[PDB]
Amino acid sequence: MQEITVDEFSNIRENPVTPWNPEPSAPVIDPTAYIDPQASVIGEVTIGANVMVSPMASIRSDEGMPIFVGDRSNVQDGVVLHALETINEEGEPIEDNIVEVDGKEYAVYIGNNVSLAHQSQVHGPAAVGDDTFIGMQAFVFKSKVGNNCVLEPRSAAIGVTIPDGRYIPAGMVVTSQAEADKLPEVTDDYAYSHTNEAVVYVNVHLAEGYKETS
């Protein structure tokens, strides 16, 4: 009604100046990544090559920072990436909210060949190791998910470390290290054992096809 205006704006933007961010940062996005026009990418974000960011995803590095998404990974529709404050006001380092991967600090670290499937969320401090599938509507927060893992749909990892090569059964919310330690292993015969590689192959190809439409 009356169409207030026409709402003009860029969906890829710098974060705002705040008490913890004196110097604004703009996303560093590989020329081969595809960012949908209806996705949002704000602030100190690194996006790797051949990544596909789908409609309605929101990657916002304005509190905890930086947020990194490795090569050939995909951030599906409605996926949110955001993180707890990583810097104080007396100095910086709020170490409990900072994750460390290959000698570098991140608020959120999403490795290479990782699928963040539709409506999932990874909230920092968090790390997700290469070749892992984070299923539809799943949730990772204050956790480190190893490589070659599978979070089935609606699973969650909160305050834990998921060892390499394990999976979390659909609907299960893992909140203790004891339970993370006991998760089942991905084997050749497991139902999601080949899911991530298929999804990554598909999404690298969708990123290229969509790049050819812009």
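Take the two forms, find the largest set of C-alpha atoms that superpose within 1.5 Å, and that set is the rigid core. Each residue number is its position in the shown sequence, starting from 1.
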The stretch that moves more in 6 other deposited structures of this protein, judged by RMS C-alpha distance from this form after core superposition, 59-67 or 177-185, is 59-67
Taking the root mean square of C-alpha distances over all structures and residues in 6 other deposited structures of this protein, with a rigid core superposition, name the larger of 82-90 and 96-104.
82-90
Given 123-131 and 84-92, the range whose Cα B-factors average higher in the PDB entry:
84-92
For the stretches 10-18 and 199-207, which has the higher mean C-alpha B-factor as given in the deposited record?
10-18
Largest Cα B-factor, entry values, listed residues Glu63, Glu44, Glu152, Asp36:
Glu63
Could you check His118, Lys104, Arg72, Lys142 and tell me which one carries the biggest Cα B-factor in the deposited entry?
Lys104
Please say which third, lowest, middle or highest, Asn97 falls into when its CA temperature factor is compared across its chain.
highest
Name the third of the chain's ranked CA B-factors that contains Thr32, choosing lowest, middle or highest.
middle
Taking the chain's C-alpha temperature factors as the reference, tell me which third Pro55 falls into: lowest, middle or highest.
lowest
Could you say whether, by C-alpha temperature factor, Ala180 belongs to the lowest, middle or highest third of its chain?
highest
Quick one: classify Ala170 as lowest, middle or highest third of the chain based on its Cα B-factor.
middle
